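Here you get one chain, nothing else, as structure tokens; it is the form deposited in one PDB entry.
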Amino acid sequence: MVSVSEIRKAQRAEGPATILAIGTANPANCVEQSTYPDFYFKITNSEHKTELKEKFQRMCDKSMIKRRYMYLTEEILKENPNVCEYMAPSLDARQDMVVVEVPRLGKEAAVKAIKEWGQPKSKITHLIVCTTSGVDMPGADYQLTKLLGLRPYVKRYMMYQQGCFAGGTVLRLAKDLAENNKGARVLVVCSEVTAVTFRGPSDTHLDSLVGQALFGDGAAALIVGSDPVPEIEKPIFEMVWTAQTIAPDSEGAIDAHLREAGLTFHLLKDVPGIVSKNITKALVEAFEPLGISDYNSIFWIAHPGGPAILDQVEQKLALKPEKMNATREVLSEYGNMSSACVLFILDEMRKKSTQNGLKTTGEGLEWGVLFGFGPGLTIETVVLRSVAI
């Protein structure tokens, strides 16, 4: 009696998934990088570890981060000595912090995106929440539904423990949700808080120490939908194609385990080298089909895992130095905010493009690429089209 083909035709959307709003938020505590080596070796009781401190100083000076925003303060750290050691039982304390902070910080970004979008929050049909900072049941998705007053029937996607490539993952996911469901409007929230990874220094664990120089806190929210209502909704970027891959010869490059002492961070391989050696393949797969081979002719968003990733990618491809401007500006002002980073970079790029009177939201160019890099070694690729004005 019932036609499933009719139902399917009527149920799906028509156009490309489009980013219609972007809002960001960060903890109020601003931590300068210039003075971080002294602060960090003092709050973790490691002033006697002189050679290690010099190594950290060099890491921080080479980081290309001016400041980061951190939920953790000196007062919180003084009440949690176990978080200040390299390896002490402290997950319960860290979970107590991030179970509340992740949704709190996410709500601030989401309210900003919803205001920019300008449409009723009751029209949000899908919610994607992503964090690498803590886990809980009901998750941060349920908390954000409650905090924001979304409809109880919002369709939720709780992305936990994903790592630094997940800014690309939430876009890859939102694309399918928006494009396959007529009228769908997806709220996407990436909210990352370093209270689960912060820990004291150890001279036999320099990889962990690198994480202490680079990771910072922040949340970014998007509204994504197909078939934007012309002159009511305002397209910013369109997604056209996505991919995810694991680079060869990268087993164990980046591992992070959630333990009784919190989330540990290890680096066993040359991440900048692996990314640089495999970025061309990723570009060819995405852009060969569009007939584009000049990678300076597209706009760039790259997860700034560290400055060396960016520097080696630029060197490998012969990118003009300006291609990574928006990426490096976010790195400089906020550090590596894991999954939220690339979403801050999209916001920086469309704001600077609009502010400076360029012709599109992608620096005056039509096509662009967004990359996420993280454990596996995983590379996420999102091909974007900019919007006029």
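The first residue of the sequence shown is number 1, and the count goes up from there.
As for the form solved in complex with a small molecule, it is not shown, yet the points below apply to it.
K.L.:
For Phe265, is any heavy atom within 4.5 Å of the small molecule in the deposited complex, or not?
P.N.:
Although the small molecule is absent here, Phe265 would touch it in the deposited complex, with heavy atoms inside 4.5 Å.
K.L.:
Within a 4.5 Å heavy atom cut-off, is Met59 in contact with the small molecule in the deposited complex?
P.N.:
Contact check for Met59: yes, within 4.5 Å of the small molecule in the deposited complex.
K.L.:
Using a 4.5 angstroms cut-off on non-hydrogen atoms, would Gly305 count as touching the small molecule in the deposited complex?
P.N.:
Because a heavy atom of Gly305 falls inside 4.5 Å of the small molecule in the deposited complex, the answer is yes.
K.L.:
Is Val271 close to the small molecule in the deposited complex, meaning a heavy atom pair under 4.5 Å apart or at it?
P.N.:
Residue-level check for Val271: yes, a contact with the small molecule.
K.L.:
Out of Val135, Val210, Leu147, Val111, which one falls within 4.5 Å of the small molecule in the deposited complex, going by heavy atoms?
P.N.:
So the residue touching the small molecule in the deposited complex, by this definition, is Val210.
K.L.:
Select from the listed residues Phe299, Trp117, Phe215, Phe287 the one whose heavy atoms reach within 4.5 Å of the small molecule in the deposited complex.
P.N.:
Looking at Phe299, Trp117, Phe215, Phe287 one by one, just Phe215 meets the 4.5 Å heavy-atom criterion.
K.L.:
Since the chain is shown here on its own, which stretch among 178-186, 305-313, 226-234, 122-130 would lie within 4.5 Å of the small molecule in the deposited complex, judged by heavy atoms?
P.N.:
So the stretch in question is 305-313.
K.L.:
Taking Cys164, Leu206 and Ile254 as the candidate spot, are all three within 4.5 angstroms of the small molecule in the deposited complex by heavy atoms?
P.N.:
Answer is yes for this spot.
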